[PDB]
Number of protein chains: 2
Amino acid sequence: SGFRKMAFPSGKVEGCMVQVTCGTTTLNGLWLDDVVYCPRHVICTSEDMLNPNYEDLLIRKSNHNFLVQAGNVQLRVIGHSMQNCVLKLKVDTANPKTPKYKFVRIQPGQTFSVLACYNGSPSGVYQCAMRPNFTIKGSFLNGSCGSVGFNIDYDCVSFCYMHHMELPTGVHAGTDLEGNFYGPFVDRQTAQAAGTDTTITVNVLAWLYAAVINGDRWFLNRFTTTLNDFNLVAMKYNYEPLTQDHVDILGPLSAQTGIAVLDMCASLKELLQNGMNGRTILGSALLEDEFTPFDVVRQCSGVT
Amino acid sequence: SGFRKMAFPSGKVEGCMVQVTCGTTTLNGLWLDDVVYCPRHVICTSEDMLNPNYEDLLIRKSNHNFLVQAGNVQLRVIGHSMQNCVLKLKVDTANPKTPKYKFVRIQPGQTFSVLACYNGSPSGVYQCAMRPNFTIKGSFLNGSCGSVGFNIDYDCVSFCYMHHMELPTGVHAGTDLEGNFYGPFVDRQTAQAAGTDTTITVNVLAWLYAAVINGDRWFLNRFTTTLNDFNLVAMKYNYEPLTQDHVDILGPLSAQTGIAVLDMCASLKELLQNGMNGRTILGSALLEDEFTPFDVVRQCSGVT
Ligand SMILES: *[C@]1(O)C(=O)N(Cc2ncon2)c2ccc(Br)cc21
Ligand SMILES: *[C@]1(O)C(=O)N(Cc2ncon2)c2ccc(Br)cc21
């Protein structure tokens with residue numbers, strides 16, 4: 001009973017957070033085995049950020065210029081390399097708390113937990129989604145760069161995001177753990193604008209299924225629709241178009257509730273056209289799109 | 001930049017979760033030092049829950065009837081006692097991962113993180129508030145009892161809640177770590193109704209301050225009000241009355257934004273009277289009341 005925006009338990013990731021300092025810049029790092037991963041802009045001053053040439057700035061750096069502190073103890077840096085927008089600092093000690101892990105590059109619409117950190121110390125955990133415009137709406141302050149996003153499958157942590165930037169609109173941008181940015185963003189203090197932040201239709205549908213499972217059923221209408229008809233409305237309301245791949249992943253939710261996917265589409269279509277009329281679904285006055293169909297299944301089934 | 005419903009990092013609490021089984025009933029336990037705390041109804045069958053006499057049911061139980069498993073290893077129970085609605089199982093091994101901790105009984109309106117668990121294993125973390133009617137709107141399924149709620153001050157975990165019950169309306173009820181229920185609820189499968197779930201006014205104001213700090217300023221009106229005038233409106237809209245104690249705790253937010261507390265009250269008064277008019281504040285189409293003034297300060301200042 002009940003439905004919450006829930007993050008993964010963060011312990012496995014807390015045990016990987018370190019502080020990385022290069023000169024006067026301090027950021028967060030992720031220590032997995034004998035490597036510390038961190039944003040490459042840890043080498044920049046505020047002035048360098050306006051127009052950095054990272055390869056050039058890296059020529060002036062040796063292993064001993066990167067200070068890595070795990071808890072209150074210093075790790076010895078024995079190698080360093082730049083991979084896309086991340087630096088990989090080889091340390092002489094494997095992290096004893098390294099969980100089983102993978103690096104995954106997620107698709108727009110996918111959710112993940114963020115462990116917001118400052119000075120290598122965790123401050124909080126929250127749930128995000130990779131927006132269709134490849135930004136995330138996080139909660140980050142100065143020194144948050146290097147905080148990571150992740151999903152957990154039983155005992156394996158799949159790291160999918162590292163925080164690198166804040167757009168002038170207050171939305172956030174970053175990379176996967178191979179240092180490749182999501183979307184067209186660059187790690188530079190230059191004004192970068194985001195594209196249309198459309199609604200993640202398959203996630204809204206999943207959340208409407210979660211609402212039906214938890215008793216909120218007022219919005220269920222007497223209609224059905226087709227994928228093409230639904231998508232004309234989705235396009236008009238800046239919703240992502242729904243594909244048969246999205247219908248497929250909603251199959252278990254359709255099976256549990258007995259509500260055909262296209263019937264839920266028609267109910268969503270009416271909600272877009274009529275609005276909520278001052279009503280709420282799962283305590284929300286708007287349609288929530290940061291629960292994937294897997295998140296709803298996980299939460300509604302009690303996966304640990 | 002950005003503002004999120006954020007939970008505390010849960011690692012310190014994950015290291016305390018154990019599974020407790022008594023006969024055929026399995027629930028979660030909290031292992032701190034050499035004691036495991038769990039709901040006393042771990043001794044009940046489904047039939048016992050309809051009308052339990054816990055002292056009587058406890059006469060038939062010895063130390064060896066409580067099976068406590070930490071990870072995949074069995075702890076030896078060397079004592080047991082009932083304190084209000086919790087059982088305390090003395091084990092022969094102190095939890096090596098016991099964080100610094102306290103047991104605190106929170107007041108209505110206070111928020112905390114819940115680490116939802118099943119079979120002693122964490123499934124997710126989310127942020128809750130103790131409602132003014134002493135229920136919480138959690139996300140709990142079968143076997144979730146024994147999951148705890150907590151706050152963290154630097155390195156000290158203040159445990160404030162243990163999950164014991166689900167009301168027939170799907171809202172939740174439980175105790176502090178001394179086993180005393182919040183509100184009038186009893187650990188019995190009998191229909192129990194909740195009182196009026198009013199809005200936590202001081203939390204809404206704190207969240208309006210967070211909105212102003214993050215750039216959402218459309219709702220700021222040209223009015224002021226008094227505590228008495230504001231409270232007439234608060235009472236009409238099922239909002240908690242605002243006291244000078246609440247104005248006091250909003251002082252730092254008032255100072256950071258230059259918006260007097262009573263001016264924010266007048267802006268809230270107009271929002272109650274006019275509604276949102278299809279607009280959102282911090283991505284919400286309703287007024288959020290599960291951020292305390294301390295949560296807003298913590299999040300907006302980056303406390304770790
Ligand atoms: C990154 O180094 C960092 O910590 N921040 C601060 C921030 N505030 C909000 O989101 N991030 C940051 C901002 C901009 C850049 Br180009 C890098 C960083
Ligand atoms: C408690 O033992 C438990 O795990 N549950 C299940 C539950 N589902 C949703 O919230 N809790 C429970 C329900 C009712 C009682 Br009286 C005790 C428990």
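Here is how names work: the chains are called A, B, and so on, in the same order as the sequence lines, proteins then strands, and each is numbered from 1. Side-chain atoms are counted along with the backbone in the values below, which use heavy atoms only and exclude waters and symmetry mates. For ligands, and for the atoms within them, numbers begin at 1 and follow the listed sequence.
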Every pair of nitrogen or oxygen atoms between ligand 2 and the protein that is under 3.5 angstrom apart - can you list them with their distances to 0.1 Å?
| unit_1 | atom_1 | unit_2 | atom_2 | d |
| --- | --- | --- | --- | --- |
| ligand 2 | 2 (O) | B/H41 | NE2 | 2.6 |
| ligand 2 | 4 (O) | B/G143 | N | 3.1 |
| ligand 2 | 4 (O) | B/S144 | N | 3.0 |
| ligand 2 | 4 (O) | B/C145 | N | 2.9 |
| ligand 2 | 8 (N) | B/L141 | O | 3.4 |
| ligand 2 | 10 (O) | B/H163 | NE2 | 3.3 |
| ligand 2 | 11 (N) | B/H163 | NE2 | 3.0 |

Spatial distance of atom OH (B/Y118) from atom CG (B/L27) [nearest 0.5 Å]: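 Rounded to the nearest 0.5 Å, the OH-CG separation comes to 11.0 Å.
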Which distance, rounded to the nearest 0.5 Å, do you find between the CZ of B/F294 and the CD of B/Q110? 8.5 Å
Report yes if the distance between the aromatic ring centroids of B/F291 and B/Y209 is under 6.0 Å, otherwise no. no
Using the ring-ring contact (aromatic ring centres under 6.0 Å, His included) criterion, which residues pair with B/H164? Sequence neighbours excluded.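 Testing B/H164 for ring-ring contact (aromatic ring centres under 6.0 Å, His included), a comparison that skips the adjacent residues, returns B/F181.
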Start with the C-alpha distance between B/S1 and A/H172, add both sets of side-chain angles, then the distance that settles side-chain hydrogen bond (donor to acceptor under 3.5 Å, both in side chains), and finish with yes or no. CA-CA 9 Å; B/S1 53; A/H172 307 106; 2.8 Å; yes
Can a salt bridge be assigned to the pair B/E290 and B/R131 using a cut-off of 4.0 Å between side-chain N and carboxylate O? yes
